Protein chains: 2
Amino acid sequence: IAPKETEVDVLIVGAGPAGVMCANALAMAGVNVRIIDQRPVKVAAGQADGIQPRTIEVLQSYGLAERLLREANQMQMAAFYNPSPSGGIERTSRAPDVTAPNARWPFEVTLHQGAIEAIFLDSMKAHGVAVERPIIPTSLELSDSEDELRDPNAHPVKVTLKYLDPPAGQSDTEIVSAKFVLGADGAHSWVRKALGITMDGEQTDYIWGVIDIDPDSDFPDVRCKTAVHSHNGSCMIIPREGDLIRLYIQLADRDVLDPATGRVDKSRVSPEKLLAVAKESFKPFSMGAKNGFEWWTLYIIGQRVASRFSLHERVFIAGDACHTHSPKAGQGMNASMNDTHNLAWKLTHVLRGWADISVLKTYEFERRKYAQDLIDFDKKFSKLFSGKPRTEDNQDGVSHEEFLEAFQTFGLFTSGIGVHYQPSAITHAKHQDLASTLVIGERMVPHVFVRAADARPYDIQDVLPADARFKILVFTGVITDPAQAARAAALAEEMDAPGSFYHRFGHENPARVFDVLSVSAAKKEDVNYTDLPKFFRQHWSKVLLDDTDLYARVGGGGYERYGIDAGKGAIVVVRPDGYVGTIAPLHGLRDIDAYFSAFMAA
Amino acid sequence: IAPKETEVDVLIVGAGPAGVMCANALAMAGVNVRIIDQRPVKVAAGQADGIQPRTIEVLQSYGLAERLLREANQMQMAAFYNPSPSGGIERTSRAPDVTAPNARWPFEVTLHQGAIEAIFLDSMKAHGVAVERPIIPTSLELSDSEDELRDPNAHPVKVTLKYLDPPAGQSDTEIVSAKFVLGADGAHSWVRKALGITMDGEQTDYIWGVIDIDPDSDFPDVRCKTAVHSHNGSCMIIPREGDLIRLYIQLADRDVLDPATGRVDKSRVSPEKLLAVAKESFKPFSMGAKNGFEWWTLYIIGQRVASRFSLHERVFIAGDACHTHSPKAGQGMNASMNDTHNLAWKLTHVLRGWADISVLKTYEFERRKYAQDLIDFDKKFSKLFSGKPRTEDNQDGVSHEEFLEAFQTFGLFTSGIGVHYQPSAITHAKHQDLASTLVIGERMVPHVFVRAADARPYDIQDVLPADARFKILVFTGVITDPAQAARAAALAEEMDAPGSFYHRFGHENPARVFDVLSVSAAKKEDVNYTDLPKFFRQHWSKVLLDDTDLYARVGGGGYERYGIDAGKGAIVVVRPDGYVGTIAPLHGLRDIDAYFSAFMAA
Ligand SMILES: Cc1cc2nc3c(=O)[nH]c(=O)nc-3n(C[C@H](O)[C@H](O)[C@H](O)COP(=O)(O)OP(=O)(O)OC[C@H]3O[C@@H](n4cnc5c(N)ncnc54)[C@H](O)[C@@H]3O)c2cc1C
Ligand SMILES: Cc1cc2nc3c(=O)[nH]c(=O)nc-3n(C[C@H](O)[C@H](O)[C@H](O)COP(=O)(O)OP(=O)(O)OC[C@H]3O[C@@H](n4cnc5c(N)ncnc54)[C@H](O)[C@@H]3O)c2cc1C
């Protein structure tokens, strides 16, 4: 039965978090994408379960946060229990789970991986895309021809797929010719191995017992992230959806090795035993399960980074396939999902012919560095963050000053807000002076503005969706001053003139590429939406004001917050993934032109 | 051939706003409900456009506001245009659409009737209830037998239905025997007529042209609720979903009368003509349609109230079937929807055997009075609110002080928040002193509290859903003070004692009837959820604190806001529809017992 031969723009191998983020993003952008998985059915329970503040913001950009917040538990508060004068544990302190006053949502949310995936899968289905399964790649061939590798319309990747459960009569093999392929196939990536890419770092894997239960407990902080150190041992509570909690229990090599044949034997440790360890650690508080185990595993996990995150910018890897993090690093699946949020808009642009293929180099540049920074920080500084109290002079060989700086950095890693991309084609660190708070290469900073047309308030993030468009935020200054109004009008002419970047890169319909917004430093009492130049109000909703809502509950103070001189203004470019790409003065359109020129095709 | 004969607990005639609110509420409470409509398919458009603040709160109580707010346009801002000294219209003032600083959502939202209904219909379908259509009543019989009329398990209403388009094979006639029937069949209610109930009030009907368009206009306030008086006549903009607006245009008797034979000829008014009138009224601004009419009608509307809103508390009427309001009164379908939000929990309780049938008398008492109050206010004071500016000394024969008081009252009518039910079996106006802000008979006042267990903040309204339960809010005072802690414990034993109201009226599972919550006047630093008596923490989430969220963004100041002495505390009872039913001191449980005793069956 001859093998079937097909093409596709993007093939994704693996339908975990990274996979579904990517598939959804591509589907919502109307890209021709397929996604496969070797598992006959979707994961139902457990695994990754924490979502970070920045990741919530990202899901918001896709319209998916609403559902997450409706279904998920809020991990708002963390608590620390430690050995007591009397024996077993007492509470020493509590703190916000998240230390990040920028954050729109300054907490984590928890929910089982099955349910997180569902948010993406349901969105995918609505946009015409379904996981095909069970299927595995058996072979991956890639073109020698440099001309083919650099041609974004060639299909140089040939992936041979085997159907593990084909309809009777039909072939078990499909040979897919793809323009781009992504390996989102987890820590044991078949794709990574096939590409001949190493995983560099410590060879030590660590072992964690994990049980999800419905707790029978008088423990007061059962709904907090709780670090428990007892005479008997450590564990940690992650509160989950409803009344459920997860208990992580650190285990030893000893607990899992075979006294005879010295092999890793996971059957030595049962959930019953894990729970018995917890019971002891929680004394004098009770801890049992109301109804056995919702889920359990022995999680074996090391920290490593792939030596490369793409081959020829035609096959990529993402998530655990190219970097893994310990549970104590607090990353779960968050960096994995932000990898493909970074990748997809870039793939999208290349396929639409809007961006030169070289823009995809920025994926590895940005995301691989971040992964290394996480693990470099964990190695240097993780000893500080077990949740035993700092008692001593210069404890763990670091001063108070150095501890505070590390706790700050750590908080920025776990929130997901710290991500600071280095200069590249899509990150031009110039004119930072003009909006010192809107750090270039970091995500656009939440603040509320108000529409001139209808006085409705919006966080700026809500006007920066993941719609595969760049956003040009034109901070016009005090638009009521005739001089600054004339300035605004001049800039609008300039941007809409035929040779400008907007039209030259706009492919006959520039508003599909570039979303232009005004943000004027005046109040609604003095500005109607029609007062702005047409180019700054392409729709009536594009006219924002630095002003409060009608009941003075939100808004105002935006120019001050962002560090923008209200008398001069600035142009702030935000990428489709919501990161600030560059800044320029109102007279500095030529620098915006240079920005897009470094990666967009005419 | 032979007509089909069926039974049902509740039959609803009409699937408009009032109808679907009722059907959904009953479905969510697991009541056996059927609902019919004579329209072959669901409407795409209609009268309803505007949802008031209180109504949003109500949808929130069903979990339906989220979807409304996602789909609907926000009418945040109102504008007023009037004839200019020189000619043409000019803007005289702008203002918040809504005057209500309590309000959780201090604005109106707008959306087409089809889409509002959908929110309810999709919820209904998820709970196993579908509108049956097209069907009309042809006959309504009601029992003579007093014993049958007073028996909540008898079926004394016989409604004969005709199927306008029956499946082949089946009969075109069904005789439904119902326990309760509701007429939600509009201003020309067949049900009202059948019951022989008059509509009392002014005989004068007024005439309005209505057109929904996508405006081609340079009018600056096209996204505001705008009152426009021109030399040529008055009209009003209601902004709608997307770019759409609705224009209400006031007409004369002459515009629909025959210049010759003086007969009512409604064909003399076309949408084309209504738009031509708008064009003139907006001068010097432009106003045209981009693409014909989304919708239009001739709204003929008077203000009247049915002389009775039920017969024997077995057949009820609601919405336009028992009271109508002018467009300038600002009610749209909002009082209609709040009618059935009032009725359904009460029907529910009677059917579950939790309440005596006489409690249904409170429907007419509460909702008919509100309707009369609306129209009495409109007759006295509507001259003030055409949207013409106050230019003169003592204009319209009222002083500045009296004008301001009337504008305040009016704002409370249009917000929906002003509703103040008079004393009855379910409204005991006693101990008002102890929480002067929580007016008895008015809706529970929004304020944010924080859970002790996990520090998550919630508006109190979010802990008062429409789940057919009464809610007992026990404000415990300063729970950290030993004396007040002992007091709290004493009250908890009292409430959970075998002879108490809770058990005596709890029907073997009292938590299905009564939702008990704590609200302690202390901070999380000082109170874990386990510190409270068991009865005040039946679930860990029942323990609320008057404290801020972790970032001090919301919460605090609740006891002060409500007017409760933190040293003494109070019991506040909230009805299933979210209105405050009574208040009592912590030593006054006998008054709570008296409350429930006036209407609950043992
Ligand atoms: C048993 C188990 C326990 C875990 N416990 C925890 C925990 O306690 N805490 C925690 O934070 N994380 C845990 N995880 C891991 C968690 O899922 C990851 O840390 C995170 O989700 C990485 O996301 P990813 O997007 O890289 O893809 P993954 O979540 O790994 O998704 C990979 C997917 O690819 C599929 N796949 C693999 N190989 C192929 C192939 N050749 N062809 C096609 N499809 C393929 C798999 O079926 C899987 O569905 C656990 C994982 C497993 C398997
Ligand atoms: C054609 C039409 C146009 C309207 N246009 C406007 C407008 O432009 N602006 C405005 O402000 N208001 C308008 N209205 C009034 C509007 O219907 C209501 O004020 C509002 O939509 C909701 O109030 P309600 O829930 O009480 O009832 P309704 O919406 O009236 O719900 C009941 C509906 O069921 C149908 N029905 C009637 N008799 C029976 C029966 N015996 N059995 C079953 N179904 C029956 C009717 O079509 C009736 O409208 C219009 C009404 C109609 C019928």
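Residue numbers begin at 1 in each chain, while the letters A, B, ... track the order of the sequences.
- Contact annotation for B/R67: neither backbone nor side-chain heavy atoms come within less than 4.5 Å of a heavy atom of chain A.
- Heavy atoms closer than 4.5 Å to chain B are found in the backbone of A/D218, but not in its side chain.
- Residue contact with chain B, scored on non-hydrogen atoms closer than 4.5 Å, is absent for A/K225.
- Atom CG of residue A/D454 and atom CG of residue B/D97 lie 11.5 Å apart, to the nearest 0.5 angstrom.
- With a 4.5 angstrom heavy-atom cutoff, A/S217 touches chain B only via backbone atoms.
- Taken from CZ in B/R223 to CZ in A/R451, the straight-line distance is 8.0 Å, to the nearest 0.5 Å.
- Distance check, rounded to the nearest 0.5 Å: OG1 of B/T530 to CZ of A/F285 gives 8.0 Å.
- With a threshold of 4.5 angstrom between heavy atoms, B/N528 approaches chain A through side-chain atoms but not through N, CA, C or O.
- We find the CD-CZ distance between B/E66 and A/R70 to be 5.0 Å, quoted to the nearest 0.5 Å.
- With a threshold of 4.5 angstrom between heavy atoms, A/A79 does not approach chain B through any atom at all.
- Between the CZ atom in B/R456 and the CZ atom in A/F107 there is a gap of 7.0 Å [rounded to 0.5 Å].
- Using a 4.5 Å cut-off between heavy atoms, B/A103 touches chain A through its backbone atoms (N, CA, C, O) alone.
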